[PDB]
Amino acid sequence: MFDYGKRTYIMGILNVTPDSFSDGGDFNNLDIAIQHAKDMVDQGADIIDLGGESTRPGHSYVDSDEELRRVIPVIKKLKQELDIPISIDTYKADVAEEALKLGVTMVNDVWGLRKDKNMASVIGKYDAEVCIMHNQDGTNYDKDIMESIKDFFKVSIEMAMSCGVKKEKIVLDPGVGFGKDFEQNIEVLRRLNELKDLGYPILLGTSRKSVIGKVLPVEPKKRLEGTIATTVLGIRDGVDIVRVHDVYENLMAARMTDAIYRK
């Protein structure tokens, strides 16, 4: 969908769980969510990542009916009021399916096709783009952490292909903050360029995460300059897309980095 290699692309985050709003009942949450997306697009987002379940640590599981009730109305308004690609942040195949029928472009799966056995064939079925993100429970790795991550991608890519997903539709993401402690997260960021060998576009998400908070012990929103650092280093290491809360600031840093390393 994006012209990979020409520049860095920015994915803005739109969470529409109840905790995401001042008033989690308010019938105006739908319009608030849409205003937030209009703002991110004006700040220069290339795609919006919409989620109805939070994968942020110790948020609760949402059943897929509930998840769809949160995202379906937002997708409909986005699609009519805003000319922007949408990504659906879900690991559930039934959620993805409904989203894709409504014209969402990409499934962002934070379990990398492993949590729902139907996810790969849904992606194939709609010819969707997918982000395959590395994830696991706990922080144990018997091999080199970057070797494990690459092994995991190989298996997920083969699952995708067995269901007729085209290679050009896949984006990989190393899953900062997922199945990884501080040191492992640092190590993955340091070695991120090793993922370029697999030949696929890379997506990175660090924005406001605890890996930054451990270096910069301020409240999440005040970690922006850490996130900008990882955006910048990521692009130098081959990152194509960054998933961020603060679209304008990360885009400005990304343009500066693009001007130095992209041809």
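Residue indices: 1-based, along the sequence shown.
Visitor: Averaging C-alpha B-factors over each stretch, which comes out higher, 122 to 130 or 74 to 82?
Guide: That would be 74 to 82.
Visitor: Per the PDB record, is the mean Cα temperature factor higher over 23 to 31 or over 56 to 64?
Guide: Comparing 56 to 64 with 23 to 31, the higher mean C-alpha B-factor belongs to 23 to 31.
Visitor: What's the residue among 220, 51, 226, 205 with the greatest CA temperature factor in the PDB record?
Guide: The record points to 220.
Visitor: Just to confirm, going by the entry's C-alpha B-factors, which of 141, 111, 178, 152 comes out highest?
Guide: That would be 141, according to the entry.
Visitor: Which third, lowest, middle or highest, does the C-alpha temperature factor of residue 145 belong to within its own chain?
Guide: Within its chain, residue 145 is a highest-third residue by C-alpha B-factor, going by the deposited values.
Visitor: Check where residue 164 lands among this chain's C-alpha B-factors and tell me if it's the lowest, middle or highest third.
Guide: As the PDB entry reports it, the C-alpha B-factor of residue 164 lands in the middle third of its chain.
Visitor: Ranking the modelled residues of this chain by C-alpha B-factor as given in the entry, is residue 173 in the lowest, middle or highest third?
Guide: Answer is lowest: the recorded C-alpha B-factor places it there.
Visitor: Could you say whether, by C-alpha temperature factor, residue 256 belongs to the lowest, middle or highest third of its chain?
Guide: Tercile = lowest for this residue's CA B-factor.
Visitor: Taking the chain's C-alpha temperature factors as the reference, tell me which third residue 237 falls into: lowest, middle or highest.
Guide: Its C-alpha B-factor, which the entry lists for residue 237, ranks in the middle third among residues of this chain.
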